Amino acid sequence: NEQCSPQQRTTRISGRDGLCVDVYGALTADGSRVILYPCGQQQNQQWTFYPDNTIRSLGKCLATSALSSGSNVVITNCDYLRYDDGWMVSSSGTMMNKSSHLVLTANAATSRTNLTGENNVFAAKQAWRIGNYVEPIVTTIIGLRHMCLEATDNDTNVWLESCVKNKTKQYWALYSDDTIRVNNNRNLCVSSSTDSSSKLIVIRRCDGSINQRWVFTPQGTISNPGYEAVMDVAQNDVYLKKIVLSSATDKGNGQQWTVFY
C-alpha cells in the first residue's frame, strides 16, 4: 500500500491572525526571507512537504538562518541541508528546527512581518496550521451539561449557557494560530488569566501570547500547552459561570469539550 508513503504534498501554511507563510516578493536567492502575508494562490505561498523533512517553495527549502534566536527564517538551496535533519512539526502546530530547537515565530501580526527562529514558549504567534484551507473555522464549543460556551459581558467574559442555534455569541472562530476568537469580533481571543491571583479564563484583545494558544486534543480537552493546563468548568458547576485553567484530571467531566461546526 503505497498510499501509506506519499512522496510529497503541496499545501499552504497559515498562522498569526490567519495570515500565510509567504516568500517575500517570490525571490529565489539563497537567504530570501519568509514573511507573514494575506493568504492567496501565489506560488510563493505554496509549501511542499517531503519525507526528508524539508518544506519547500519556489524549489528551495525553508530554513532558520542562525543558531541563536531572533534571525529571519529564509528559503535557501536544499543541497545546503543534505546533512541536516530538518523540520519537525508537533501535533499542536509548532514548527521546529530539529537541531537548534528554534521555532517558526511571528513577532508581530501585521502584513509583511518577518518570520523568525525563536525559542519555543508555545505562544499563539508560534502556532501554525499546515493546510490548504486557511480560513477560520466557525463553531460552537460544547462542554459540561451539553451546554455551549458563550461570550458574555460585552465580549469580556466566557461561560456555559444552554445551546441556542440562533445565538450569535455562542459562535467561535478557530484560527490557524490556535486562537479561539469571538466570531462577531475577531480581534477578541479567549485568554487564560493575566492576573496571577486568578485562574479565570476570559476574553481579551488578541496579542499572540501563550495565554491565547489553545489545542483541541484528541482526548477531548482544550489544552493551553505552554501553561500545561486545560479548560475546566469551575467545581464542575456550570451555574458558577466560571471557566478556569486547571491541570488535567480524570476526576470530573468539566474538562471534556466538543467542537460542533
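Numbering starts at 1 and follows the sequence shown. Take the two forms, find the largest set of C-alpha atoms that superpose within 1.5 Å, and that set is the rigid core.
Using the rigid core as the fitting frame, the root mean square C-alpha deviation in 8 other deposited structures of this protein is greater for 107-115 than for the other of 84-92 and 107-115. Between 82-90 and 124-132, it is 82-90 that carries the larger average Cα temperature factor according to the deposited entry. Here 63-71 and 227-235 are compared by their mean Cα B-factor, and 63-71 comes out higher.
Remark: of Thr179, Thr110, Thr140, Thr105, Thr110 shows the highest value [criterion: C-alpha B-factor in the PDB entry].
The maximum CA B-factor among the listed residues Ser196, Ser192, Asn44, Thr48, taken from the PDB record, is found at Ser196. For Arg9, the recorded CA B-factor ranks within the highest third of the chain. Only modelled residues enter the ranking. In the PDB entry, a CA B factor belonging to the lowest third of its chain's modelled residues is recorded for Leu144. Placement of the Cα temperature factor of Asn53 within the chain: highest third of the modelled residues, per the deposited record.
In the deposited entry, the Cα temperature factor of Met95 sits in the middle third of values across the chain's modelled residues. Annotation for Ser32: C-alpha temperature factor in the middle third relative to the rest of the modelled chain, per the entry.
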